[PDB]
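Understanding the architecture of this molecule
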Amino acid sequence: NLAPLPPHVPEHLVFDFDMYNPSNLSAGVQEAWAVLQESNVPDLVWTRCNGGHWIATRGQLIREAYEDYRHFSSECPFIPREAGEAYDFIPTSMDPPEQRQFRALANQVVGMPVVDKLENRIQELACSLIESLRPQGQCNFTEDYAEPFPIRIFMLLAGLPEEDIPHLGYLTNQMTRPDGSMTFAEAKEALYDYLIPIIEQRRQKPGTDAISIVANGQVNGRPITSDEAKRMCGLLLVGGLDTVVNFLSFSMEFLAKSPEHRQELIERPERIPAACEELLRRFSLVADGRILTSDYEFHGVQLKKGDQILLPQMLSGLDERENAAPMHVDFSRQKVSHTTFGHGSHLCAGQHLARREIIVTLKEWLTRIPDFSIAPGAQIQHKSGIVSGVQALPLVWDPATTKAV
Ligand code: HEM
Ligand SMILES: CC1(C)[C@@H]2CC[C@@]1(C)C(=O)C2
Ligand SMILES: [K+]
Ligand SMILES: [K+]
C-alpha cells in the first residue's frame, strides 16, 4: 500500500519501510528497524509507506535534525500526516522559543523533584507487586508488572483513580500502536473528554497532584488556559502509560534469557544505573519526527517544505557508528551512546522518573526472583509504532529459588 513517489524524490533513495509493521518483526522490533542500517540502505531514505515520508537512519543525522528546529518543526511530529496534524500536545507540538515556558511546568510535575517526592512509593509498589508474584512461579509480565507498576505510580502522581487505567491505557495505545479501530483524532478526543471535567474540577479546587499543578500553573505571565492544561495533561498521560510500560517488557525479556547479566547486577548493584543505560540503548523503542518548514538540502538530499521526516530515536544507539557491536548488551561499555529519551529542546522531561522506575525494577526483581526464564515454547511478539511494545511476556520460575526480603 504505497503512496505515489513525489517528483522530487530520486528512486535510489526509496526504501519502503513500514514503521507500524516492519518486515522483520519476528526477529525482534529493534532488529526489524536495524535493517535500515544495512549497507544497501542510504543514510537518508524515503519510504512510500504510510503516506510517504523520509527516515534518517544514522545517529548523526537524527541528532542534527532534532537540534535544528528551524527546518525540522515539531508542529506535525507524528506519522502518518493525519496523526501529526491532529497531534496538539504541549510542549511537544511546539518549537522553541514557544516551547520554553510550558517545559518548565512539565518539569515541575514529572521531573526530578517529583521523583524525589515519590521515591518511597515507587520502591514500595515495586516490592509489593513483586513479592505478590514471587510464590506463583509464573506471571504474564506485561499485565502483571509492566503495566500496573508505572501506571499506578502515574495515576498516584496525577491523583487519578486506578479504576480508569484499562480505559486510559487503551486510548493511549491507540496513539502509539493504532488498532485501526480508531483514528489518532478519535483517540485524542476520547482522552480529552476524560480530562476536561477533571481539569475544571481542579482549577476550582486546587490539589497537590500533577493535574492540579499544571491546570493552575503560569505561562507567559498569565494563567494557563483550560485548553492548554488539557493538551499538556494529555501528553503526561501518554508518557505515563505508554513508555516505561513497554520498555520494561523488552528488558525483562532480555534478562529472562541471560543468567550472567542477571548475576552481574545482583553481585554489584552499583552497576545497575549503567546497566539501565545500556538496556535503554539496546531496547530503545521510540520513533517520532518532524516536518520541514521550508525546502532544504540536508546532507545532499533535497527535502521539500511540508515533507515529513521520521527521526527514529531508537536508531541512534543501534548505529554501529556510535556503538560497536550494537546488538550486544554490554554493561561495561565505556560510553553508552543513545538518544532513547530524544534530543534537542524536546529531550524527555520525564526521564528521571523513567530511570528510577527501571533501576528499582531491576534491583527489586533480581533480589527476589534472580532465576527465571521465558515460558517453554512461548513465542514473544513485538509490535511497532511511535512507541514499540511487547504483546505478552510469559515468564516462569521455580519458587524454591526465589526469596522474600
Ligand atoms: C522509557 C521511557 C521513556 C522514553 C523512552 C521517552 C521518550 C521520549 C522522547 C523520545 C521524547 C521527545 C519526543 C520529541 O522530541 O518529539 C519525550 C518527550 C517527553 N516525555 Fe518522555 N519518555 C519516557 C518516559 C516518560 C515518562 C514516564 C513521562 C512522564 C509523564 C514522560 C514525559 C515526557 C514529556 C512531558 C515530554 C515532552 C518534553 C518537551 O516536549 O519539552 N516521558 N519522551
Ligand atoms: C513520542 C513520545 C514518546 C514522547 C512522550 C510520549 C510520546 C508518545 C509523545 O507524544 C512525546
Ligand atoms: K542507512
Ligand atoms: K499538529
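Residues numbered from 1 in each chain as written, not as in the entry; some residues may be left out. Chains lettered and ligands numbered in written order. Heavy atoms only, no water.

1. Examining the site of ligand 2
Condition: Only heavy atoms are used to decide nearness, and a residue is near a molecule or strand if one of them lies within 4 Å of it. Under the rule applied, a polar contact is a pair of N or O atoms within 3.5 Å (in protein, one hydrogen donor and one hydrogen acceptor; residues adjacent in sequence only if both atoms are side-chain atoms). Calculation of accessible area relied on Shrake-Rupley with a 1.4 Å probe; when residues are assessed, cover is drawn exclusively from the protein chains displayed. Points on a 1 Å grid over protein atoms alone make up a cavity when a 1.4 Å probe fits among them but cannot get out, and a pocket when they form an open set with protein on both sides within 12 Å along at least five of seven lines; lining residues each have an atom within 4 Å of a point. The rule for placing a molecule in a cavity or pocket is simple: more than half of its atoms must lie within 2 Å of the grid points. For this scheme, ten residues count as nonpolar: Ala, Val, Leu, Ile, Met, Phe, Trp, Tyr, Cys and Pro. Four count as charged, namely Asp, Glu, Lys and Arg, and the remainder, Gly too, count as polar.
Around ligand 2, the neighbouring residues are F78, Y87, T92, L235, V238, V286, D288 and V387. At 2.6 Å from an oxygen atom of ligand 2 is found a side-chain nitrogen or oxygen belonging to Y87. Within the complex, 83% of the 290 Å² of free accessible area of ligand 2 lies under protein. Its atoms largely coinciding with the cavity grid, ligand 2 occupies the largest cavity. In terms of residue class, the shell around ligand 2 is made up of six nonpolar, one polar and one charged.

2. Quick notes on the UniProt feature "binding site: heme" in the protein chain
Rule in force here: UniProt positions are given in the numbering used here, feature names are shortened, and annotations may be inferred rather than shown by experiment. Secondary structure elements are defined from DSSP: runs of H or I of at least 4 residues count as helices, runs of E of at least 2 residues count as strands, and each element is numbered from the N terminus. Using a 1.4 Å probe on the protein chains alone, a residue whose accessible area is under 20% of its type maximum counts as buried, one over 50% counts as exposed, and one in between counts as partly exposed.
Cross-referencing UniProt, the feature "binding site: heme" maps to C348 in the present numbering. As for its placement among the helices and strands, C348 is situated in the loop between α15 (313-316) and α16 (351-368). You can call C348 partly exposed: its relative accessible area is 24%.

3. Concerning the sheet that holds strand β3 (residues 72-73)
Put simply, the rule reads: Pairing between strands is defined by DSSP: at least two bridges between them are needed.
Pairing within the open sheet is mixed, and its five strands lie in the order β1-β2-β10-β7-β3. Only two strands of the sheet have a single partner each, and these edge strands are β1 (44-47) and β3. Bridge count for β3 against strand β7 (residues 289-292) is two bridges, and the pairing is antiparallel. When the sheet's bridge partners are listed, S73 is paired in β7 with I291.

4. Digging into the sheet that holds strand β11 (residues 373-374)
If you walk across this open sheet you meet the three strands as β4-β14-β11, and the pairing is antiparallel. Whereas interior strands pair on both sides, the edge strands pair on one side only; in this sheet they are β4 (138-140) and β11. As judged from the two bridges shared by β11 and strand β14 (residues 394-396), these two strands associate in the antiparallel manner. Considered in β14, the bridge of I374 is made with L395.

5. Quick look at the coordination of the potassium ion (ligand 4)
Note the following rule: In this analysis a donor is any N, O or S atom within 2.8 Å of a metal ion (3.2 Å for sodium, potassium and calcium), and since water is not included, sites may seem incomplete.
Within the protein, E75 (O), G84 (O), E85 (O) and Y87 (O) serve as the donor atoms for the potassium ion (ligand 4), at 2.7 to 2.8 Å. All donors of the potassium ion (ligand 4) belong to a single chain; written as a sequence motif, their spacing is E-x8-G-E-x1-Y. Like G84, the residue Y87 is buried in the burial classification.

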